[PDB]
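**Student:** I have a structure here, written as structure tokens, and I will follow up with some questions on it.
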Amino acid sequence: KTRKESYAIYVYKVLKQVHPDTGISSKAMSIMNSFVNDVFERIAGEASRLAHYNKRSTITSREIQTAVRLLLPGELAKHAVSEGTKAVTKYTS
Amino acid sequence: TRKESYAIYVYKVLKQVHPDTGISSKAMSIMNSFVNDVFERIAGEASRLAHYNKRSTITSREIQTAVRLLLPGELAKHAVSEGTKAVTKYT
Amino acid sequence: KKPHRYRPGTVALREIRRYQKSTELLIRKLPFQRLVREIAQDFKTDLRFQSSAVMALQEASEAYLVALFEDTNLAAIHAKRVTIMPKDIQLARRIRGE
Amino acid sequence: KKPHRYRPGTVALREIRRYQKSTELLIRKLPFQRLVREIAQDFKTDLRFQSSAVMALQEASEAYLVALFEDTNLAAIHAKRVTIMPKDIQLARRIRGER
Amino acid sequence: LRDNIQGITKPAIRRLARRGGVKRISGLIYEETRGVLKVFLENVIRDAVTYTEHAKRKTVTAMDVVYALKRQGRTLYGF
Amino acid sequence: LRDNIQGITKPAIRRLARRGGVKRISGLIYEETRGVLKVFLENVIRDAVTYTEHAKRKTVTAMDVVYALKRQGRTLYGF
Amino acid sequence: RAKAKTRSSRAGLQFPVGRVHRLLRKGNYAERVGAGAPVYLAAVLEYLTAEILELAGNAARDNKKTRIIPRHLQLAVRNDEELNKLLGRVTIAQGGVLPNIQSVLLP
DNA sequence: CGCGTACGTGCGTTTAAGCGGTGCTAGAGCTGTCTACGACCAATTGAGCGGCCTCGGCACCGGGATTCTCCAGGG
DNA sequence: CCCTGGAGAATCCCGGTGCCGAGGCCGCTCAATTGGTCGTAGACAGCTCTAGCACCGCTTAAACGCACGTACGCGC
């Protein structure tokens with residue numbers, strides 16, 4: 001039927017990459033899909049919000065870097081920044 | 001450069017309802033921030049409303065739905081009626 | 001022959017422990033379903049709700065009331081009490097801005 | 001002879017009526033301004049603040065503290081008291097969700 | 001549909017407070033909790049009504065309830 | 001810059017309580033109010049720091065503080 | 001053309017970079033979306049996903065369960081202080097609350 | 001209802017907040033410049049998801065038990 | 001009146017069933033991927049000039065401190 005975009009399998013591979021002996025129910029899967037989408041809307045909304053104030057038309061990696069610093073607090077922020085910085089350097093290389 | 005402001009339009013509104021009083025620039029900045037803050041809230045809700053039903057456009061119904069979602073109680077039906085009257089007068 | 005006669009408070013704490021580690025829905029389904037339809041019929045008649053639509057409403061209302069009860073209970077010990085009052089809820093909503 | 005000797009609370013009510021109708025800022029500009037700089041020094045060593053930038057932070061902090069004091073005061077009468085307590089603020093932030 | 005505010009029974013309100021760690025529950029709490037729940041339901045459902053009216057739909061979906069809860073800072077996961 | 005948390009003096013905290021309708025002010029409330037103010041400032045100013053850093057600027061503007069307060073649901077009118 | 005290598009594997013990531021980029025373009029955020037913005041978004045989402053699931057897996061072993069069910073996700077979010085502040089305004093269905101009792105409440 | 005202390009009230013004294021002034025430069029707009037970058041267009045292609053097969057983890061049902069809790073007896 | 005032994009009941013550990021939702025597999029198809037091509041936002045370089053930073057008089061209302069007692073937090 002109609003293909004609905006979801007992060008059902010993507011969370012599953014993340015779970016097995018850090019915990020290859022546990023599973024996850026569909027109700028917990030839907031919570032994770034809602035959790036990913038809400039954080040996606042918050043950061044992309046913030047990144048769009050940041051670009052409008054600087055009169056900038058594009059959203060770069062620095063837009064996301066500032067967005068996750070504003071939303072995620074403290075130690076959770078800098079690991080996400082470090083993980084984000086590592087991903088961009090690996091992608092460019 | 002030129003900076004966008006809502007100062008003069010509010011002044012004509014102020015003289016329309018109360019021509020015997022003025023306004024200060026310090027209060028003007030508060031009202032300018034007030035109109036701007038409501039502007040992003042309604043447009044943000046209307047943009048979110050269009051994204052929910054996969055709508056690529058924002059109509060008068062998009063603004064009307066955002067008003068009743070944001071403005072509570074009897075304040076909302078005034079803005080709905082005021083918006084409806086302006087829409088009918090527009091056509 | 002003597003009845004057990006549990007003193008008040010111990011079984012209440014037992015109910016606290018048995019219901020904090022559990023995840024079943026405390027409010028029954030149809031009584032919450034019928035309350036939604038009566039409230040919605042004041043806004044618009046001939047309105048229907050999906051089964052999962054009420055499911056979203058029921059869990060959100062319970063969690064909001066549980067969190068309100070947590071602040072309501074926290075006000076009781078703050079007021080040197082263990083029994084919650086209707087004025088405790090009114091203070092809780094006022095501080096939250098509701 | 002004796003002075004007027006206002007009872008405890010009488011001058012407090014006069015200060016309540018005066019500051020609830022006057023919009024002058026209670027916190028002094030310079031001691032609050034230097035508090036911004038030492039807080040921002042932990043995030044950026046070479047940072048500057050505009051006069052209006054410190055101005056906007058002061059009013060938001062004053063209104064937040066006034067709103068916090070309103071919730072703190074209301075918890076006192078709720079707890080059969082007229083004196084605000086540090087546990088009342090801790091209750092106020094937790095109910096508001098600000099820990 | 002009348003007298004449906006009593007559907008939230010006193011043990012149900014008792015059970016809700018037990019989840020919140022409430023030691024003792026007064027007899028006047030149940031009437032107040034019903035009123036608070038009625039006020040909270042009157043805001044979420046009305047917001048969901050406008051969401052359903054905007055979509056030209058006659059049945060309120062779970063997604064509209066999520067958006068009604070999300071706009072007031074009470075976002076819900078799992079639906 | 002050290003010991004600047006004491007810049008919020010005792011009458012200044014007392015004046016803030018009087019604006020909030022507080023009748024009696026405890027002697028231990030000044031350390032708690034300073035701690036609450038320090039925590040609140042450590043969030044908004046840090047948020048404005050990231051706003052200033054992202055804007056390719058080395059001076060914090062009031063405009064950046066406006067969005068820093070707005071993103072936490074504390075929007076300020078009058079800048 | 002060349003081999004259709006996914007951008008997630010190029011960046012060493014599991015979350016879809018293309019889906020994030022597609023949702024950023026159609027999500028009505030900006031006129032243009034940069035190249036590294038979906039890569040940064042995928043890394044942040046994956047790290048947040050991995051952090052909670054590891055804590056949920058830790059909570060699952062506490063009650064001896066091999067399947068993640070919504071009580072575990074709620075327990076993982078509230079126990080972590082940063083996840084508590086990040087999701088303070090977030091309601092989790094079928095999760096309940098933390099089983100904590102007031103000190104004066106015990107006999 | 002009783003205790004007491006600790007916070008309201010009041011000035012002495014001090015001390016820095018603020019107004020006004022002067023000088024410097026830190027740097028944000030402003031204007032060119034030139035340059036890679038992403039939306040869009042052909043062209044394509046490979047694993048996500050609907051669906052189907054399989055299978056095993058914990059709900060259910062009891063069985064048993066440590067195990068924590070209250071009532072009664074003794075000092 | 002407080003300390004300690006024994007037993008009633010809700011709760012916790014454990015063996016057996018199984019079943020229905022979770023895990024795994026097959027297409028395959030539509031959205032993710034590859035290459036090119038420009039308009040164009042953006043990084044970079046020089047000017048500047050308007051507002052912030054640092055120090056200085058001063059004076060004066062704001063603030064620290066001490067003496068006293070009565071409204072009030074707290075114990076019972």
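The way I read the labels, and the way they are meant: chains A, B, ... in the order of the structure tokens, residue 1 as the first residue of every chain, and ligand 1 as the first ligand shown, with later ones counted on from there.
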List the spatial neighbours of residue 77 in chain G as number ranges by chain - criterion: any atom at most 12 Å away, only C-alpha atoms (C1' of nucleotides), same-chain residues fewer than 2 positions off excluded.
**Tutor:** A: 31-32, 35; G: 48-49, 51-59, 70-75, 79-92, 95-98
**Student:** Please identify all residues of chain C having at least one atom at most 6 Å from any atom of chain G, considering only C-alpha atoms, and return them as an MDAnalysis selection string.
**Tutor:** chainID C and resid 20 23 59
**Student:** Write the residues of the selection above to a file with C-alpha atoms, as a PDB file, in the first residue's frame.
**Tutor:**
ATOM      1  CA  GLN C  20       4.296   3.272  40.327  1.00  0.00           C
ATOM      2  CA  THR C  23       1.969   0.740  33.492  1.00  0.00           C
ATOM      3  CA  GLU C  59      -2.671   8.544  28.680  1.00  0.00           C
TER       4      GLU C  59
END
**Student:** Compile the contact shell of residue 18 in chain D as a ChimeraX atom specification: residues with an atom at most 9 Å away, counting only C-alpha atoms (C1' of nucleotides), same-chain residues fewer than 5 positions apart removed.
**Tutor:** /D:13 /F:18-19
**Student:** Identify, on the basis of only C-alpha atoms (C1' of nucleotides), every residue whose closest approach to residue 57 in chain H does not exceed 12 Å; exclude the query and any residue fewer than 2 positions from it along the same chain; express the result as a JSON list (two decimals) with N, CA and C atoms (P, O5', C5', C4', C3', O3' and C1' of nucleotides), in the first residue's frame.
**Tutor:**
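What landed in selection35.json:
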[["chain", "number", "residue", "atom", "x", "y", "z"],
["A", 22, "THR", "N", 19.23, -7.51, 23.25],
["A", 22, "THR", "CA", 17.89, -7.12, 23.65],
["A", 22, "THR", "C", 17.05, -6.75, 22.44],
["A", 23, "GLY", "N", 15.73, -6.80, 22.62],
["A", 23, "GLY", "CA", 14.80, -6.43, 21.58],
["A", 23, "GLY", "C", 14.00, -5.19, 21.92],
["A", 24, "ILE", "N", 12.97, -4.89, 21.13],
["A", 24, "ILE", "CA", 12.15, -3.71, 21.36],
["A", 24, "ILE", "C", 10.74, -3.99, 20.83],
["A", 25, "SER", "N", 9.74, -3.59, 21.60],
["A", 25, "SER", "CA", 8.35, -3.77, 21.21],
["A", 25, "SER", "C", 7.92, -2.67, 20.25],
["G", 64, "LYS", "N", 14.99, -7.56, 34.58],
["G", 64, "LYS", "CA", 15.22, -8.83, 33.88],
["G", 64, "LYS", "C", 14.22, -9.01, 32.72],
["G", 65, "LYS", "N", 14.35, -8.14, 31.72],
["G", 65, "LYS", "CA", 13.59, -8.25, 30.49],
["G", 65, "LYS", "C", 14.52, -8.09, 29.29],
["G", 66, "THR", "N", 14.29, -8.93, 28.28],
["G", 66, "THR", "CA", 15.08, -8.89, 27.06],
["G", 66, "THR", "C", 14.41, -8.10, 25.94],
["G", 67, "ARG", "N", 13.26, -7.49, 26.20],
["G", 67, "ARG", "CA", 12.54, -6.69, 25.22],
["G", 67, "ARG", "C", 12.29, -5.30, 25.78],
["G", 68, "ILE", "N", 12.52, -4.28, 24.97],
["G", 68, "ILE", "CA", 12.31, -2.90, 25.40],
["G", 68, "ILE", "C", 10.83, -2.57, 25.27],
["G", 69, "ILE", "N", 10.19, -2.29, 26.40],
["G", 69, "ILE", "CA", 8.76, -1.96, 26.46],
["G", 69, "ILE", "C", 8.66, -0.57, 27.07],
["H", 55, "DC", "P", 10.80, -21.61, 13.51],
["H", 55, "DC", "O5'", 11.76, -20.82, 14.52],
["H", 55, "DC", "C5'", 11.78, -19.39, 14.50],
["H", 55, "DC", "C4'", 11.55, -18.82, 15.88],
["H", 55, "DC", "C3'", 11.30, -19.86, 16.97],
["H", 55, "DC", "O3'", 11.74, -19.35, 18.22],
["H", 55, "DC", "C1'", 9.42, -18.49, 16.80],
["H", 59, "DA", "P", 4.91, -9.53, 31.02],
["H", 59, "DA", "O5'", 3.35, -9.89, 30.99],
["H", 59, "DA", "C5'", 2.56, -9.58, 29.84],
["H", 59, "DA", "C4'", 1.35, -10.50, 29.73],
["H", 59, "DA", "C3'", 0.57, -10.74, 31.02],
["H", 59, "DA", "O3'", -0.82, -10.81, 30.75],
["H", 59, "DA", "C1'", 1.41, -12.80, 30.20],
["I", 18, "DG", "P", -0.05, -25.82, 25.46],
["I", 18, "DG", "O5'", 0.00, -24.33, 24.89],
["I", 18, "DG", "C5'", -0.74, -23.29, 25.54],
["I", 18, "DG", "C4'", -0.46, -21.94, 24.90],
["I", 18, "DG", "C3'", -0.23, -21.98, 23.39],
["I", 18, "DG", "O3'", -0.83, -20.85, 22.78],
["I", 18, "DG", "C1'", 1.60, -20.96, 24.43],
["I", 19, "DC", "P", -2.34, -20.91, 22.23],
["I", 19, "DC", "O5'", -2.88, -19.42, 22.45],
["I", 19, "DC", "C5'", -2.21, -18.55, 23.36],
["I", 19, "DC", "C4'", -1.64, -17.35, 22.62],
["I", 19, "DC", "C3'", -1.88, -17.35, 21.12],
["I", 19, "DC", "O3'", -2.02, -16.01, 20.66],
["I", 19, "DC", "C1'", 0.43, -17.35, 21.52],
["I", 20, "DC", "P", -3.47, -15.38, 20.40],
["I", 20, "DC", "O5'", -3.24, -13.82, 20.59],
["I", 20, "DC", "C5'", -2.39, -13.35, 21.63],
["I", 20, "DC", "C4'", -1.14, -12.70, 21.07],
["I", 20, "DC", "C3'", -1.33, -11.96, 19.74],
["I", 20, "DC", "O3'", -0.59, -10.74, 19.76],
["I", 20, "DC", "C1'", 0.41, -13.50, 19.53],
["I", 21, "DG", "P", -1.16, -9.43, 19.03],
["I", 21, "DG", "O5'", 0.06, -8.40, 19.11],
["I", 21, "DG", "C5'", 0.70, -8.15, 20.36],
["I", 21, "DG", "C4'", 2.19, -8.45, 20.28],
["I", 21, "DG", "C3'", 2.98, -7.61, 19.27],
["I", 21, "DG", "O3'", 4.25, -7.26, 19.81],
["I", 21, "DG", "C1'", 3.29, -9.89, 18.80],
["I", 22, "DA", "P", 5.11, -6.06, 19.17],
["I", 22, "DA", "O5'", 6.53, -6.74, 18.87],
["I", 22, "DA", "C5'", 7.34, -7.20, 19.95],
["I", 22, "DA", "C4'", 8.40, -8.17, 19.47],
["I", 22, "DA", "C3'", 9.35, -7.63, 18.40],
["I", 22, "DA", "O3'", 10.68, -8.07, 18.66],
["I", 22, "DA", "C1'", 8.27, -9.57, 17.59],
["I", 23, "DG", "P", 11.93, -7.38, 17.91],
["I", 23, "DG", "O5'", 12.49, -8.54, 16.97],
["I", 23, "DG", "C5'", 13.07, -9.71, 17.55],
["I", 23, "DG", "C4'", 13.35, -10.76, 16.49],
["I", 23, "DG", "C3'", 14.16, -10.27, 15.28],
["I", 23, "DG", "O3'", 15.15, -11.23, 14.94],
["I", 23, "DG", "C1'", 12.13, -11.25, 14.55]]
**Student:** Just want the 8 Å neighbourhood of residue 68 in chain C, counted on only C-alpha atoms (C1' of nucleotides), with same-chain residues fewer than 4 positions away dropped. Output as a PyMOL selection string.
**Tutor:** chain C and resi 64+72+89+92-93
**Student:** Give me a file of those residues, with C-alpha atoms, as a PDB file, in the first residue's frame.
**Tutor:**
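This is the output file selection-v5.pdb:
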ATOM      1  CA  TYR C  64      -0.951  15.385  33.475  1.00  0.00           C
ATOM      2  CA  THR C  72      -0.198  18.553  44.912  1.00  0.00           C
ATOM      3  CA  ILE C  89      -4.482  21.747  43.618  1.00  0.00           C
ATOM      4  CA  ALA C  92      -0.425  23.900  41.947  1.00  0.00           C
ATOM      5  CA  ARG C  93      -2.322  25.218  38.914  1.00  0.00           C
TER       6      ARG C  93
END
**Student:** Write down as a PyMOL selection string the residues belonging to chain D that are assigned helix (DSSP H, G or I) by DSSP computed on the backbone.
**Tutor:** chain D and resi 10-19+29-40+51-78+86-96
**Student:** Wanna dump the chain A-chain G contacts at 6 Å for me, each residue with its shortest atom pair and the distance in Å to one decimal, counting only C-alpha atoms, ordered by chain and number, as a tab-separated table?
**Tutor:**
residue	atom	partner	partner_atom	distance
A:10	CA	G:15	CA	5.9
A:22	CA	G:66	CA	4.8
A:23	CA	G:67	CA	4.3
A:24	CA	G:68	CA	4.1
A:25	CA	G:69	CA	5.6
A:28	CA	G:70	CA	4.9
A:48	CA	G:29	CA	5.0
A:57	CA	G:31	CA	5.6
A:58	CA	G:32	CA	4.5
A:59	CA	G:33	CA	4.9
A:60	CA	G:34	CA	4.6
A:61	CA	G:37	CA	4.4
A:80	CA	G:44	CA	5.2
A:83	CA	G:43	CA	5.9
A:84	CA	G:40	CA	4.8
A:87	CA	G:11	CA	5.3
A:88	CA	G:36	CA	6.0
A:90	CA	G:11	CA	5.1
A:91	CA	G:11	CA	4.2
**Student:** Do you know which residues are at most 10 Å from residue 63 in chain I counting only C-alpha atoms (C1' of nucleotides), after dropping those on the same chain fewer than 3 positions away, and could you put them as a ChimeraX atom specification?
**Tutor:** /F:9-12 /H:14-16
**Student:** I need the chosen residues saved as a PDB file, in the first residue's frame, with C-alpha atoms (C1' of nucleotides).
**Tutor:**
ATOM      1  CA  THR F   9      22.358  43.324  47.532  1.00  0.00           C
ATOM      2  CA  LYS F  10      20.019  42.544  50.421  1.00  0.00           C
ATOM      3  CA  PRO F  11      17.660  45.545  49.881  1.00  0.00           C
ATOM      4  CA  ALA F  12      17.640  44.779  46.143  1.00  0.00           C
TER       5      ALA F  12
ATOM      6  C1'  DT H  14      30.285  53.912  54.736  1.00  0.00           C
ATOM      7  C1'  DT H  15      30.759  52.897  49.963  1.00  0.00           C
ATOM      8  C1'  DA H  16      29.842  52.388  45.458  1.00  0.00           C
TER       9       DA H  16
END
**Student:** Might you pull out every residue within 9 Å of residue 58 in chain E, with only C-alpha atoms (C1' of nucleotides) counted and same-chain residues fewer than 2 positions away left off, and present them as a PDB file with N, CA, C and O atoms, in the first residue's frame?
**Tutor:**
ATOM      1  N   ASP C  46     -22.358  15.624  16.263  1.00  0.00           N
ATOM      2  CA  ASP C  46     -22.101  14.567  15.279  1.00  0.00           C
ATOM      3  C   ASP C  46     -20.603  14.375  15.044  1.00  0.00           C
ATOM      4  O   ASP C  46     -20.135  14.250  13.910  1.00  0.00           O
ATOM      5  N   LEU C  47     -19.847  14.350  16.138  1.00  0.00           N
ATOM      6  CA  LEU C  47     -18.399  14.207  16.098  1.00  0.00           C
ATOM      7  C   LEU C  47     -17.998  12.827  16.601  1.00  0.00           C
ATOM      8  O   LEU C  47     -18.528  12.343  17.605  1.00  0.00           O
ATOM      9  N   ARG C  48     -17.060  12.200  15.897  1.00  0.00           N
ATOM     10  CA  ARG C  48     -16.573  10.873  16.234  1.00  0.00           C
ATOM     11  C   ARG C  48     -15.104  10.943  16.633  1.00  0.00           C
ATOM     12  O   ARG C  48     -14.373  11.858  16.244  1.00  0.00           O
ATOM     13  N   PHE C  49     -14.682   9.963  17.428  1.00  0.00           N
ATOM     14  CA  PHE C  49     -13.295   9.836  17.854  1.00  0.00           C
ATOM     15  C   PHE C  49     -12.810   8.423  17.573  1.00  0.00           C
ATOM     16  O   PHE C  49     -13.525   7.451  17.835  1.00  0.00           O
TER      17      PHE C  49
ATOM     18  N   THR E  52      -9.419  19.024  13.482  1.00  0.00           N
ATOM     19  CA  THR E  52     -10.271  18.169  12.661  1.00  0.00           C
ATOM     20  C   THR E  52     -11.103  18.991  11.683  1.00  0.00           C
ATOM     21  O   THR E  52     -11.329  18.567  10.543  1.00  0.00           O
ATOM     22  N   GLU E  53     -11.571  20.167  12.112  1.00  0.00           N
ATOM     23  CA  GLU E  53     -12.335  21.035  11.223  1.00  0.00           C
ATOM     24  C   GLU E  53     -11.475  21.578  10.089  1.00  0.00           C
ATOM     25  O   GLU E  53     -11.977  21.795   8.980  1.00  0.00           O
ATOM     26  N   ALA E  55      -9.095  20.044   8.544  1.00  0.00           N
ATOM     27  CA  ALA E  55      -8.795  18.981   7.595  1.00  0.00           C
ATOM     28  C   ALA E  55     -10.019  18.518   6.816  1.00  0.00           C
ATOM     29  O   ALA E  55      -9.916  17.546   6.057  1.00  0.00           O
ATOM     30  N   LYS E  56     -11.162  19.191   6.989  1.00  0.00           N
ATOM     31  CA  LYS E  56     -12.440  18.795   6.386  1.00  0.00           C
ATOM     32  C   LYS E  56     -12.805  17.358   6.757  1.00  0.00           C
ATOM     33  O   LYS E  56     -13.299  16.587   5.933  1.00  0.00           O
ATOM     34  N   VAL E  60     -12.197  12.868  14.756  1.00  0.00           N
ATOM     35  CA  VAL E  60     -10.929  13.350  15.292  1.00  0.00           C
ATOM     36  C   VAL E  60      -9.937  12.196  15.337  1.00  0.00           C
ATOM     37  O   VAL E  60     -10.210  11.149  15.935  1.00  0.00           O
TER      38      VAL E  60
END
**Student:** Could you list, as a list in words, the residues of chain D having an atom within 12 Å of chain I when counting only C-alpha atoms (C1' of nucleotides)?
**Tutor:** residues 5, 6, 7, 8, 9, 10, 26, 27, 28, 47, 48, 49, 50, 51, 52, 53, 54, 76, 79, 80, 81, 82, 83, 84 and 85 of chain D
**Student:** Write the residues of the selection above to a file with C-alpha atoms, as a PDB file, in the first residue's frame.
**Tutor:**
ATOM      1  CA  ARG D   5       7.740  52.894  65.734  1.00  0.00           C
ATOM      2  CA  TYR D   6       5.730  51.323  62.901  1.00  0.00           C
ATOM      3  CA  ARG D   7       4.629  47.760  63.592  1.00  0.00           C
ATOM      4  CA  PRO D   8       6.412  44.970  61.657  1.00  0.00           C
ATOM      5  CA  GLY D   9       4.629  44.728  58.319  1.00  0.00           C
ATOM      6  CA  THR D  10       3.261  48.261  58.036  1.00  0.00           C
ATOM      7  CA  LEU D  26      14.953  47.601  41.764  1.00  0.00           C
ATOM      8  CA  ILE D  27      18.336  46.019  40.981  1.00  0.00           C
ATOM      9  CA  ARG D  28      21.145  48.507  40.395  1.00  0.00           C
ATOM     10  CA  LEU D  47      33.023  38.940  24.860  1.00  0.00           C
ATOM     11  CA  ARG D  48      31.263  42.304  25.007  1.00  0.00           C
ATOM     12  CA  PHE D  49      27.766  43.372  26.034  1.00  0.00           C
ATOM     13  CA  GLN D  50      25.761  46.321  24.750  1.00  0.00           C
ATOM     14  CA  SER D  51      24.058  48.750  27.113  1.00  0.00           C
ATOM     15  CA  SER D  52      20.692  47.595  25.770  1.00  0.00           C
ATOM     16  CA  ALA D  53      21.911  43.983  25.952  1.00  0.00           C
ATOM     17  CA  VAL D  54      22.422  44.240  29.717  1.00  0.00           C
ATOM     18  CA  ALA D  76       3.573  30.687  52.412  1.00  0.00           C
ATOM     19  CA  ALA D  79       1.619  26.644  54.400  1.00  0.00           C
ATOM     20  CA  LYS D  80       0.012  28.839  57.117  1.00  0.00           C
ATOM     21  CA  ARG D  81       2.892  31.332  56.990  1.00  0.00           C
ATOM     22  CA  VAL D  82       3.579  34.937  56.030  1.00  0.00           C
ATOM     23  CA  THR D  83       7.384  34.610  55.745  1.00  0.00           C
ATOM     24  CA  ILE D  84       8.884  33.219  52.540  1.00  0.00           C
ATOM     25  CA  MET D  85      11.213  30.246  52.995  1.00  0.00           C
TER      26      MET D  85
END
**Student:** Please report as a list in words which residues of chain I come no farther than 7 Å from chain G, using only C-alpha atoms (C1' of nucleotides).
**Tutor:**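 Every residue of chain I that passes the 7 Å test is in residues 32, 33 and 34 of chain I.
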**Student:** Please extract the residues of range 14-74 of chain F with a backbone DSSP assignment of strand (DSSP E or B) and present them as a list in words.
**Tutor:**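 Strand (DSSP E or B) members of range 14-74 of chain F, listed: residues 24, 25, 59 and 60 of chain F.
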**Student:** Quick one: which residues from chain C are at most 6 Å off chain E, using only C-alpha atoms, as a PyMOL selection string?
**Tutor:** chain C and resi 16+19-20+27+31+35+38+47-50+52-53+66+69-70+73+82-84+86
**Student:** Could you check the closest approach to chain F for each of B:24, B:8, B:37, B:19 and tell me which residue wins, using only C-alpha atoms?
**Tutor:**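 That would be B:37, the residue with the smallest distance to chain F.
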